[PDB]
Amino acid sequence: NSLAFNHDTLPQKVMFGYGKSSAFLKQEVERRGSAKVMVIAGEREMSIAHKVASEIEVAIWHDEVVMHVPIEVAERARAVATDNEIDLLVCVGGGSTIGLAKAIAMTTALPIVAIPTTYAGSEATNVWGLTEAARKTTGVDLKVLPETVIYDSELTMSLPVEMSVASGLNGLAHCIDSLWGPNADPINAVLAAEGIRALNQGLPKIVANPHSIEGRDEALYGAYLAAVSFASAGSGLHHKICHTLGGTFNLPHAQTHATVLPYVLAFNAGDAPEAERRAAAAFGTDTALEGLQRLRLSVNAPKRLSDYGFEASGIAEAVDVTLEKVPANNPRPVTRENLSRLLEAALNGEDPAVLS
């Protein structure tokens, strides 16, 4: 067997710099010639957005940003964009905010400039998500990928240490799960490793100093590369487990990713030796699980799903819904029984080494 892969590199501009968001946005809106800019920021994020968009003229400030992007919310937002003749969408915030921008792009094909404030990386994917009648639906479309991403670490400094850490490990999970993702390839693999390197350097710095320019820059850069890698490599076992835990059991997104990650690594590591070594090298340790555990310890990462309401009684259904979602090419064959044992370890915070 010789090297074989099919890789898609997605078009995107990335403007990166502490304190430069308002100046970058001005430059981008000038470069584009946009006449009617729509700023999307959650009601609680909206004062920051005003400061970020201070150097441009804004036609509409839209603050109905809602988790899981309900279709009626997306419908109202499309109407505002359409009724106001908007020609540029600008989103300032996290996944739900970027998610609303995406939902508008789906039907309007309006371009998006994303100005993210967390490490979830939705700005780097062509994946959209909608909820309608308690049913979440997703898809892929180049129209939903932001054309430009403006990363300004100053905008992430008010994110509390615990949430910053949780969110950073969500980004780290985009990197690690992608190393054995359904469409893993050498390119998305190098980018995932670089993401691990950056997040591993940045997150301890954030814990020690939440206004660390160096550390917040490393984390935000790392989150970017994590997401770009994930958009190419596709969702692996980790993301399928978390999809279920969030979708069926409504557990908190970031903390769930944070908690599930080390168990999936331990579960798959033995059967994905090349991924394991690359991750190891990115952490600067002999093994990847050692790298992750040390980081988790230094960062006081989440340890148990039971701390977010998940019970042992919910593992049967958890396994039941996820099992079919798992990629056929997951390094280690997944079974109802070994997926149940993984969730038991993540539920109660056992040593992940137990799943090796």
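One rule holds for the numbers: they count along the sequence shown, beginning at 1.
- In this crystal structure, the stretch out of 183-191 and 126-134 whose C-alpha atoms carry the higher mean B factor is 126-134.
- Of the two segments examined, 137-145 and 71-79, it is 137-145 that shows the higher average Cα temperature factor in the deposited entry.
- Based on the entry's C-alpha B-factors, the most elevated value among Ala103, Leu159, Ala266, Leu245 belongs to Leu245.
- Sort the chain's modelled residues by C-alpha temperature factor and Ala254 lands in the highest third, per the entry.
- Residue-level temperature factors show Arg277 in the highest third of its chain, judged at the C-alpha atom.
- Ranked by C-alpha B-factor against the other modelled residues of its chain, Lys205 falls in the middle third.
- Per the deposited record, the Cα B-factor of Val29 falls in the highest third when ranked against the other modelled residues of its chain.
- In the PDB entry, a CA B factor belonging to the highest third of its chain's modelled residues is recorded for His174.
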